[PDB]
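Chains as they are written, first to last, in PDB author numbering: chain E, 15 to 340; chain F, 15 to 340; chain D, 15 to 340; chain C, 15 to 53, 93 to 340; chain M, 1 to 78.
See structure below.
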RNA sequence: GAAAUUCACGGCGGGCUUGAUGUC
């Protein structure tokens, strides 16, 4: 009875917006109106050879010539402006309600079950500390991913508006926060209780954010990239395409949503090393590891094969439900 | 006597137009003239693997390397613009007259019968509540299908013109309306009585609509897609082709006509759960269900096999006639 | 146990910014505010054929025609301004912390090992003389690479700011310094002890530099160039593309980082001849030589194959660690 | 042993600056401060004007590239041969005694009224190297013994061989005539003759002025060598690799002669015999 | 059948080269990382050939996977 | 003669292109 679905889908509630790299100066911080946006300038390089050679059957004369030679190419690498020291990040992510309200229903009875589970982990289990993962381990701006390395002062002003009128207003300092643990902060509970007012269908909340790294002068960045599949024939010169907004520098939504998906310390092996991104099969793309492998019973494709008939997860539910907040 | 047709056809009266995604700001709502249209930008993604596996007989070293890696394909992502918060929907659907006036006649006597039935369900049965399905369960903008999730304010201005001159004019709020039931509304009866002035051959009516979701900033959408049949060999990189109008973002007519075909609460099994799309064999493409199966006698391919000789449907006629409003 | 990584990456800490060629006059040296920037003019030249012929199998009639002719070409080449004798170099390089903090971890235990080695060569071995390579063999402005030839007076003012407020302040004379050896200088130890306050995670330091060659009048330069890969068909006239900032003359970061990578006198063969750029496989692009060839055991791709299991490098560590300061 | 380089480069020491066409009147000659620049001559100004501050670089064979460092050490040994062994009195007397005669002011030299050449020099802002000339009082096919010409050429001896940094702010004045035209430096019409098609001779400009570019100017101080193969006193050609003048389309020192700059180290680097054609085989490397 | 390693981070299509050896030849079955539905494969000599032509195709990195897939996919070998 | 194909998923990390020439 109540077999699994041949077709399931769940809408990505709590989705996110794009980024607005535009450059400003600290103590001219509050005057973010006409903050000039940045465009990906193009470099050209002469490539050396750090690639470790194969050692199966090769020769020590080829490395002489090749390491002598130059396989040069061009790279579209974006630069800060001349005198602007702040960065800029307008990222208005918005939360959607009704956390398990599906899109597809292979069996409506299974949908009614899962909605009953949503009332279990929503009415029974609360989202204080869930939203305190989404703030207390995201206000520490893993948001600004590669640029977080040695910020001068990472100011995080997660603002919010009803309308044009902005009322949800709070200030932070991501450098004054940990990035391996979450700590008790009152205003962090104002924002996370505000997301409690978001996710569980109370008020429509789209958080127009203003995140400012006050780092340095004309330095480079780590802005979002593209691909070279069936574009490296007509170009063959640029080999790192930065994706652009309209005359600006993206940090796309696809890296950005695992800034607010890197929560779960409910990983199988580690303890405090790894704040991985809570996913189906729990794979981080960097380390090529599979926390929650098939051999463990910690699969998101097994948490309703266990919970939908057997009701036992016991507070690993949270990383089995935020598998369905995507 | 009067055997069934070996060849039948009925013209899709009350057909629909395409959609015009173009972006605007609320309280600049009325100034829809130069509302800038949106183009499906291409982003370029990497990924993990959230898909289940066949778990019957596989070597484990498959899946351990399967989950680990990057499936990195580029995805054409339609994005909103930077500061425009309203959406935009110019969808001028037009109603055609003469609801059972066929295109083909395998027996003209059968055609005369069916026209007699059209006078029965047209002169005898009225289309007040039929058009109140087509308004009171379509002004609630199932129209704007996937974007309806957490609208800030879904403004529906179903306008109408004689000519260049626009006279049929009425304003709504689809968020101020139900999407599982229909309620008594006077202006909803102005529009539905206007469609009563449309369908049954009184005045030529093509309803230039202006539907505005005032939702949020630069967020994504759920715009209409394409296919990868015999285009995934020369491309193999894009795997979700959004169909475009001339420099714009379609929501095609094929999803749009089951926004004004999702009426019938005359389904066999459910009560108020399912406002399905009234079709032949009553199949919704999502749930893969067949309301009105062969085993029930509720088939559109049996309603004239019963009604054309036996005259008994008794107010399931409505979902046996809107089978012929397509 | 603890096999080598199939995937390693280390972030380029102590990275650099771009250059600002803009022209000024000496004894108007201190007034660098509105120093007018320079734009690489397009010289257009006619030439001889200084290239040697291939001499294998060639009819002698060809080269008579060849050297008789003119293979003229445009060459975008920058010129100084008319009365401005100083140069100008605003290069704000910034140091990043956490010298071996990786980006990728094929084995986290190997990462823990290498961090242990970072505590060895960081807590055990010090970076006084390492930063005295990065100052005492870079304040001597190998920075201003090709323009260093016969400077009138190369003034190096390596300034530094907390914020907009500049506090790190010191003055130099690169012509008063060697470019084959490093000597004991107190203020050079102020700057290098300041970089000691940078690299090892103490204070965020981005050094807004003002380097002034007081050389001569309207002379040319040696400013940074581009390439002619798939741009020499539509152009075919310019054959030396100088890369530009916004209306200015770049000296790009890619030549600039081997001004502060040319340290290592820990090369295999020479003694005081060659201050090469400390790299993987230690290849200088000019001489096409491979100091630390495969046949020597002085490879950066063998220093952890030796040190990660065997702990013996003995003060060639420094040119095996600044292989990982990139 | 010691094979030739697959990659050689030598820096253009003794390079040059741009020209400053600006117009003045003779006997108002000394007052060159606000001499109005030209964008045709002007109406009443009879002098020309030439501020060309060329600067000499040291270390004549100090390469930029080293395909073999031993070959570089050889060539530096040769630089000590033709520098310590052979002197540059008469080499710099080519660069003065056959360049103070202002082949400098190339096309405008035709019938100067009085070509005054004041090759000045400064330590700093302070100008100390100071000497006056008359290029019309000098030959342009031969070099003659002049004491002040040896002051300037001995000053370039103090330049080239690493003694003092010398950038010679020059003031060369043709006192020729009134509103006449010139022969100022030009441009090209490659992929600019479609959008324009009307101008067909683009003069290159400095900032609101009239260039004579460095590319014609450096063969005013490269036209030295009377060590050409065929002629005697006819041709003071520009000493180059393969010795080609762009005018006559001739190749003095063809492949068939052994007088190639791409053969003078193929001979000298292993065989040490050039014998005073060295000078036009070394000023091939002063570029 | 006697499965071995992949070729260098292969999808972008939920597809791969997916090399796995035969008893004498080697199968490189271009297939799904999902359900197991494949397109045509190619059987040939060892890794000393496999890397040698796989290197021998144009494209930069991911392009070798790409032109590799369109090379196997328009197959000669049944 | 008339059909909603989908929801959704980090791509990155480094790099001395440079050396010098007459506009017909």
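Don't be surprised by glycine CBs; every beta carbon is placed ideally from N, CA and C.
With contacts defined as CB atoms closer than 8 Å, residue 223 of chain E and residue 104 of chain E qualify as a contacting pair. For the region 287-299 of chain D, the set of residues with a beta-carbon nearer than 7 Å to any beta-carbon of chain C is empty. Using a C-beta cut-off of 8 Å, the region 307-316 of chain C makes no contact with the region 259-276 of chain C, since fewer than three inter-stretch Cβ pairs fall below that distance.
Per the Cβ contact rule, the region 104-116 of chain F is not in contact with the region 48-56 of chain E (fewer than 3 Cβ pairs under 8 Å). Within the same chain, and ignoring the five residues on either side of residue 3 of chain M in sequence, the residues whose Cβ sits closer than 7 Å to its Cβ are 20. Residue 99 of chain F places its beta carbon less than 8 Å from that of residue 229 of chain F. Nearest C-alpha to residue 292 of chain F among F:302, F:173 and F:281: F:281.
For the region 207-280 of chain F, the full-length beta strand (DSSP E) segments reaching 3 residues or more read 223-227 along the chain. Straight-line measurement puts the Cα of residue 315 of chain C at about 27 Å from the Cα of residue 234 of chain D. A contact between stretches requires three or more CB pairs, one per stretch, nearer than 8 Å, and the region 317-336 of chain C meets this requirement with the region 273-280 of chain C. For residue 64 of chain M, there is no enclosing beta strand (DSSP E); the enclosing alpha helix (DSSP H) covers residues 62-73.
Per DSSP, residue 144 of chain E is not a residue of any beta strand (DSSP E); the alpha helix (DSSP H) it occupies stretches across 142-150. Beta-bridge analysis with DSSP links residue 194 of chain D to no other residue. Here residue 130 of chain E carries a helix assignment [DSSP, helix/strand/coil]. Remark: C-beta atoms of residue 157 of chain C and residue 34 of chain C do not approach each other more closely than 8 Å. Interface residue (Cβ-Cβ distance to chain C less than 8 Å): residue 77 of chain D is classified as such. For residue 80 of chain D, the uninterrupted alpha helix (DSSP H) run begins and ends at 74-82, by DSSP.
In the same chain as residue 207 of chain E, and ignoring 5 residues on each side of it, the C-beta atoms closer than 8 Å to its own belong to 142 and 145, in chain order.
Within the region 24-48 of chain M, no residue has its Cβ closer than 7 Å to any Cβ of chain E. DSSP, read as helix, strand or coil, puts residue 305 of chain F in coil.
Secondary structure in the region 43-123 of chain F: the beta strand (DSSP E) runs of 3 residues or longer, each lying completely within the stretch, are 55-58 and 88-91 in chain order. Closer than 9 Å at the C-beta level to chain E, one finds these residues of the region 55-68 of chain F: 55, 56, 57, 58, 59, 60, 61, 62, 63, 64, 65, 66 and 67. Around the beta-carbon of residue 318 of chain E, 16 or more other beta-carbon atoms lie within 10 Å, marking it buried. In this structure, the straight-line span from the alpha carbon of residue 248 of chain F to that of residue 255 of chain F is close to 13 Å.
According to the DSSP secondary-structure assignment, residue 319 of chain E is paired through a beta bridge with no residue.
Taking CB atoms only, residue 13 of chain M has a neighbour in chain F less than 8 Å away.
Its Cα nearest to that of residue 339 of chain D, the residue D:28 stands out among D:124, D:15 and D:28.
Burial state of residue 131 of chain C is buried, judged by a 10 Å Cβ sphere holding 16 or more other Cβ atoms. Residue 69 of chain M counts as buried, since no fewer than 16 other beta carbons sit within 10 angstroms of its beta carbon. Contact annotation: residue 110 of chain C and residue 289 of chain C have beta-carbon atoms that are not nearer than 8 Å.
For residue 137 of chain F, the closest C-alpha among the options F:91, F:215 and F:89 is that of F:215. If you check each beta-carbon in the region 53-67 of chain M against every beta-carbon of chain E, the ones closer than 7 Å belong to 59, 60, 62, 63 and 66. When Cβ-Cβ separations below 8 Å define contact, residue 218 of chain D makes contact with chain E.
Under the three-state reduction of DSSP output, residue 174 of chain E falls in the strand class. When secondary structure is reduced to three states using DSSP, residue 203 of chain E falls in the helix class. Residue-level contact by beta carbon fails for residue 151 of chain D and chain C, as no gap is shorter than 8 Å.
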